[PDB]
Amino acid sequence: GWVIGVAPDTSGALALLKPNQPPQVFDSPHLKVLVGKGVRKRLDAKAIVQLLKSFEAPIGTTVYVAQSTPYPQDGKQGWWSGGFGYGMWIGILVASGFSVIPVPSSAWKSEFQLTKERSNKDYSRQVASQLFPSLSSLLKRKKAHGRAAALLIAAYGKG
Amino acid sequence: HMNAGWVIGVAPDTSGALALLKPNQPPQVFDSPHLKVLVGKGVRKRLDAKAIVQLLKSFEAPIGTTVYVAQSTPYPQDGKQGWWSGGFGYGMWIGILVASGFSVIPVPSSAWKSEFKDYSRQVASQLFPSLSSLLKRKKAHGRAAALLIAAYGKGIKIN
DNA sequence: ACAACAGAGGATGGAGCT
DNA sequence: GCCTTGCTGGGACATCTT
DNA sequence: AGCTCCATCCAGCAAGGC
DNA sequence: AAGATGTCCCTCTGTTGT
């Protein structure tokens with residue numbers, strides 16, 4: 001009955017929806033790696049695994065993951081990073097026994113009405129705060145983009 | 001000190017491979033399990049995460065087994081899909097191996113080749129004569145890659 | 001049909017309607 | 001220090017030679 | 001089965017703002 | 001310690017030859 005939603009970007013998050021128990025959300029653990037000249041922010045695979053096993057989730061729990069579909073105007077590095085975080089989350093989740101279901105980014109706009117007009121400058125961050133009043137304190141800043149995303153992904157899979 | 005345990009080399013591309021070097025035992029290689037996924041208007045092969053964790057768990061390797069994975073470093077001339085797929089297979093492999101309890105060591109593609117593309121299969125064919133029958137078709141360059149990455153890994157000292 | 005080769009580097013997904 | 005806009009879309013790695 | 005529209009990002013690296 | 005320079009893939013869609 002558990003539902004897990006994951007925003008796989010380098011500043012994404014993970015949402016956990018245990019039945020009959022209050023909701024949860026976690027920032028995706030990260031680290032700093034040198035890439036050529038400069039440092040880059042990437043997902044910490046080790047810390048992700050320990051965060052997953054700490055859930056003590058039932059075997060075969062469905063995890064809904066946002067599909068990486070960047071735009072043609074985006075740079076090559078954006079495409080590389082997009083597939084990297086997507087594949088890593090898929091790999092971690094499948095190896096950890098979870099059942100993974102990819103989902104597009106436009107999916108949660110179906111049940112939670114949102115359009116290009118009235119752009120989600122903070123619409124996503126506070127529609128998720130509406131569906132989850134317990135996590136209203138975690139979504140005040142604009143940097144909580146990923147936390148709200150993972151919450152909406154999990155809510156989409158729950159319904 | 002010299003590494004006495006198992007060493008594993010992985011070519012993370014879609015048609016890559018994985019080489020297993022048990023100490024004083026017949027060396028083995030495996031074509032990376034893939035499956036055909038619908039994307040856009042067509043179909044492309046992508047790494048089968050579920051079959052990969054089934055292959056690695058069939059090894060029953062000691063936890064912390066060193067796995068050397070070739071880094072994905074595409075060219076600027078390559079298309080966005082090339083960059084996306086490059087990071088995807090690289091992230092999925094790292095995610096699977098870390099979640100499976102392996103110790104993952106990224107190795108640049110230049111490092112293991114400098115230790116020893118058209119000739120790579122014959123270099124691995126003579127180095128591993130048992131698997132020479134598998135390195136007859138040049139499409140097995142991914143197999144020779146995993147071998148030479150794994151052979152490079154055993155020469156790297158550990159702690 | 002599968003392999004080897006050649007050449008350029010590329011959105012994707014979903015809703016709707018024929 | 002750590003957000004927040006704002007904006008384009010981007011090699012990375014190693015070996016040399018200043 | 002097509003075949004129209006029409007929607008969807010994030011990465012990364014600068015400057016400024018709290 | 002920085003710069004100059006030269007190397008390193010793969011993806012994807014065709015076409016061609018087994």
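Sequence lines set the chain letters: A, B, ... in the order given, protein chains first and strands last, and positions in each chain run from 1.
- Within the structure, every side-chain polar atom (N or O) of B:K138 is placed at least 4.0 Å from both OP1 and OP2 of C:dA4.
- The six-membered rings of F:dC8 and F:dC9 are unstacked under the 5.5 angstrom centre distance and 30 degree angle criterion.
- To the nearest whole angstrom, the two P atoms, one in C:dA11 and one in F:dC10, are 23 Å apart.
- Salt bridge present: B:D31 and B:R143 bring a charged side-chain N and a carboxylate O closer than 4.0 Å.
- F:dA4 and C:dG13 have their P atoms separated by 43 Å, with the value rounded to a whole Å.
- Here B:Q81 reaches the OP1 or OP2 of C:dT12: one of its side-chain N or O atoms lies under 4.0 Å away.
- Comparing D:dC13, E:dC9, F:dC9 by their nearest atom to the side chain of B:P108 picks out D:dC13.
- The aromatic ring of A:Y71 sits over the base of E:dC9, with ring centres less than 5.5 Å apart and planes inclined by under 30°.
- On the basis of its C1'-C2'-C3'-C4' angle being negative, F:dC12 carries a south sugar.
- Along DNA chain F, the nucleotide closest to B:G42 and the one closest to B:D13 are compared, and the more 5′ of them pairs with B:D13.
- If you measure from atom CH2 of A:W80 to atom P of E:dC9, you get 23 Å, rounded to the nearest angstrom.
- Nucleic acid contact for B:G40: sugar-phosphate only, since backbone atoms but no base atoms lie under 4.0 Å from a heavy atom of the residue.
- Residue-to-nucleotide proximity on DNA chain F shows that, of B:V43 and B:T73, the 5′-proximal contact is made by B:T73.
- Look at NZ on A:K140: it is 17 Å from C1' on D:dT4, rounded to the nearest Å.
- Between C:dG13 and its strand neighbour C:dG14 the base rings stack, satisfying centres under 5.5 Å and planes under 30°.
- Distances shorter than 4.0 Å separate none of the side-chain N or O atoms of B:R137 from OP1 or OP2 on C:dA4.
- A:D27 has its CG atom 14 Å from the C1' atom of D:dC3, to the nearest Å.
- Between the side chains of B:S15 and B:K45, no donor N or O sits under 3.5 Å from an acceptor N or O.
- B:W83 has its CH2 atom 12 Å from the P atom of C:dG10, to the nearest Å.
- Looking at A:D74, its side chain comes within 3.5 Å of the base of E:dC9 through a donor and an acceptor atom.
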B:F102/B:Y68 under ring-ring contact (aromatic ring centres under 6.0 Å, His included): CA gap, chis, key distance, verdict: CA-CA 10 Å; B:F102 293 92; B:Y68 294 81; over 10 Å; no
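- When rounded to the nearest whole Å, the span between NZ of A:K116 and P of C:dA15 equals 21 Å.
- Side-chain nitrogen and oxygen atoms of B:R44 include at least one within less than 4.0 Å of the OP1 or OP2 phosphate oxygen of F:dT13.
- A positive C1'-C2'-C3'-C4' dihedral is found for the sugar of D:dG10, placing it in the north range.
- Around the CG atom of B:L38, the shell of radius 6.0 Å holds more than 12 heavy atoms that belong to other residues, nucleotides or ligands.
- The side chain of A:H145 contributes no N or O atom lying less than 4.0 Å from OP1 or OP2 of D:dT4.
- With a ring-centre distance below 5.5 Å and an interplanar angle below 30°, C:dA8 is stacked on C:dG7.
- D:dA12 and E:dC9: their P atoms are spaced 26 Å apart (whole Å).
- Straight-line distance between the P atoms of D:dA14 and E:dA7: roughly 46 Å, to the nearest whole Å.
- Of the candidates C:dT12, E:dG12, D:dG10, the closest approach to any side-chain atom of A:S81 belongs to E:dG12.
- For A:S68 and B:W84, the side-chain atoms include at least one donor-acceptor pair closer than 3.5 Å.
- The side-chain heavy atoms of B:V104 and B:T66, taken from C-beta on, include no pair separated by under 4.5 Å.
- Of the nucleotides present, D:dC16 is the one that pairs with F:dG3 by Watson-Crick or G-U wobble criteria, both distances under 3.5 Å.
- Nucleotide F:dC9 holds its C1' atom 12 Å from the CD atom of B:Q71, rounded to whole Å.
- Pucker annotation for F:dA1 reads south, on the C2'-endo side, since its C1'-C2'-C3'-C4' dihedral is below zero.
- Base-pairing analysis of DNA chain E finds the following stems of at least three consecutive Watson-Crick or G-U pairs, with both pairing distances under 3.5 Å: C:11-17 with E:2-8, D:4-9 with E:10-15.
- Remark: of the listed residues B:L127, B:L20, B:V123, B:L135, B:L135 is the sole one forming a side-chain contact (heavy atoms from CB on, under 4.5 Å) with B:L147.
- More than 12 heavy atoms of other shown residues, nucleotides or ligands fall within 6.0 angstrom of atom NZ in A:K158.
- In this structure, A:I153 atom CD1 and E:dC9 atom P are separated by 12 Å, rounded to whole Å.
- By the rule that hydrophobic residues join a cluster once side-chain heavy atoms approach within less than 4.5 Å of another member, A:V103 and A:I4 end up as members of separate clusters.
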Working for side chain to side chain contact (heavy atoms under 4.5 Å, CB included), residues B:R46 and B:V39: CA-CA 11 Å; B:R46 286 183 177 177; B:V39 42; 4.2 Å; yes
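- Checking the phosphate oxygens (OP1, OP2) of F:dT11, a side-chain nitrogen or oxygen of B:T14 falls inside 4.0 Å.
- The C1'-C2'-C3'-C4' torsion of F:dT7 is positive, which assigns its sugar to the north, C3'-endo side.
- Using the sign of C1'-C2'-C3'-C4' as the criterion, E:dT8 is classed as a north pucker.
- The distance from atom CD of B:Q77 to atom P of F:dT7 is 14 Å, rounded to the nearest whole Å.
- Comparing the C1' positions of E:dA1 and C:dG16 gives a spacing of 15 Å, expressed to the nearest Å.
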